[PDB]
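What follows is a single chain, given as C-alpha cells, in the form deposited in one PDB entry.
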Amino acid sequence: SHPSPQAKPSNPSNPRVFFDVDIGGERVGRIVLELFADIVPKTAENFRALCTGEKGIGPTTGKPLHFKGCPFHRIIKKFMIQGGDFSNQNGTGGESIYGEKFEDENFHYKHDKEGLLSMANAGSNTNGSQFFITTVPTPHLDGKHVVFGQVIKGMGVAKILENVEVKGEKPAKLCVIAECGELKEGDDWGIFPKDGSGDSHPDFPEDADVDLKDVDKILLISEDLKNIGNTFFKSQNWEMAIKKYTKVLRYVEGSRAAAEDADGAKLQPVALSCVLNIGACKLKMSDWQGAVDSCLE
C-alpha cells in the first residue's frame, strides 16, 4: 500500500474518462477521471467500459453495462461520494463486465487524499460496478477497497456534489451521471460550461491550462468572462450574468491562492534558510571579534 500519485495524470497512457453531473435537474459540470490501468488494469478496464457502455446489456441485471443516467445514491460530507448502482440505484445492485462480482485486484494505492476513485464492495472479492470518490483522505478503507483512479479535472464539481442536501445519506435532490464516456488522446476536456455562452474557460481555474499566477492572463480571462456576463446582463438574463460575474471572482481567487501557495511551498523555505544562515554568520563574526578583542587586549 503506497501513496496515491500526485501528478495529474499520473501516467498519460492511463485511460481518461468523464462524468457530466446534474443535480436537481441542473447541469453542474464535468468530472474527468484518470484510470490507473498501469496498476489495476482489470479494475480500470471494468470502470472504463462502464463509462462507454460498449459491453452492451448486463447478463445478471438486464440493464445496460453503463453509468449513463446512474445516480449517486449515498453521499457523506467530509467522507465520500458513492454511485454506480445502475440497476437498483440504492447500493444493492450494479454488476461488473466480467460477471456480477470480481476479485480485489490489489490494494497498491492508499486512500491518502481527496479525489480518489475506489471500488465499493460487500467484502473481499465482491467488486461490481459501484464505486466511490473520496472527498478527504480515507485511511480506514485501505486494504479493504481497491483504489483505481483519481479526479484530474472537475474536483470543484465533486465538491458541489459533496455538499448537496441529504436525508440520512441519500441526496434530497437527484444526483446523477447525465453523461459519461472515454476521452481519446487529444480530445477536448469538455470542461468549459455547456451553456452556449461562448465561454471556453473551465468552470474551475485550477483546471485551466494557464499559470494562475500570471496576472495579465487571468485578467484577459476575467475580461472575456465579464464581457460574456455583460451580454447576459444586456439580455436581461440576470442569473446567467451573475454566474459569469461570479466566475471571474473564482478565477481571481484561484490566481491569488496559486500565488500564495507557490510562495509558501517554494520561496518561504529558501527565505527561512537564508535568515537561519545569516544568524549563523552573525555568530561567527561576533566570535571572531571576541577573539580579536581579548588578543589586542
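Numbers for residues come from their place in the sequence shown, where the first is 1. Under this definition, the rigid core comprises the largest set of C-alpha atoms superposing within 1.5 Å between the forms.
Peer 1: Mean C-alpha B factor from the entry: is it higher for 205 to 213 or for 91 to 99?
Peer 2: For C-alpha atoms only, the mean B-factor is higher in 91 to 99.
Peer 1: Per the record, averaged over C-alpha atoms, which has the higher B-factor: 62 to 70 or 233 to 241?
Peer 2: Higher mean C-alpha B-factor: 233 to 241.
Peer 1: Would you mind finding, among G84, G143, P137, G156, the residue with the largest C-alpha temperature factor in the entry?
Peer 2: In this record, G143 carries the highest C-alpha B-factor of the candidates.
Peer 1: In terms of CA temperature factor as recorded, identify the highest of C175, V166, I221, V147.
Peer 2: Of the candidates given, the C-alpha B-factor peaks at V166.
Peer 1: Quick check for you: using the entry's CA B-factors within this chain, is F107 in the lowest, middle or highest third?
Peer 2: According to the entry, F107 has a C-alpha B-factor in the chain's middle third.
Peer 1: Where does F36 sit by CA temperature factor within its chain: lowest, middle or highest third?
Peer 2: CA B-factor rank for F36: highest third.
Peer 1: Within this chain's modelled residues, let me know which third the CA B factor of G190 belongs to: lowest, middle or highest.
Peer 2: It belongs to the lowest third of the chain when residues are ordered by C-alpha B-factor.
Peer 1: Would you check the entry's CA temperature factor for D263 and let me know if it's in the chain's lowest, middle or highest third?
Peer 2: Middle third.
Peer 1: Where does the C-alpha B-factor of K77 rank in its chain, lowest, middle or highest third?
Peer 2: According to the entry, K77 has a C-alpha B-factor in the chain's lowest third.
This next part talks about the form deposited in another entry, which is not shown.
Peer 1: Comparing between this form and the one not shown on the rigid core, is the C-alpha shift at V292 2 Å or larger?
Peer 2: It does, since the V292 C-alpha is displaced 2 Å or more between this form and the one not shown after the core fit.
Peer 1: With both forms fit on the core, is the shift of the CA atom of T246 between this form and the one not shown 2 Å or larger?
Peer 2: No, the C-alpha moves less than 2 Å.
Peer 1: For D38, is the C-alpha shift between this form and the one not shown 2 Å or more after core superposition?
Peer 2: Stays below the 2 Å threshold, so no.
Peer 1: Versus the form shown, are the CA atoms of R250 and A265 closer or farther apart in that other deposited form, given a shift of 3 angstroms or more?
Peer 2: Compared with the shown chain, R250-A265 is closer in that other deposited form.
Peer 1: With a shift of at least 3 angstroms, figure out whether the C-alpha spacing between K78 and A265 grows or shrinks in that other deposited form: closer or farther?
Peer 2: Compared with the form shown here, the C-alpha atoms of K78 and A265 sit farther apart in that other deposited form, by 3 Å or more.
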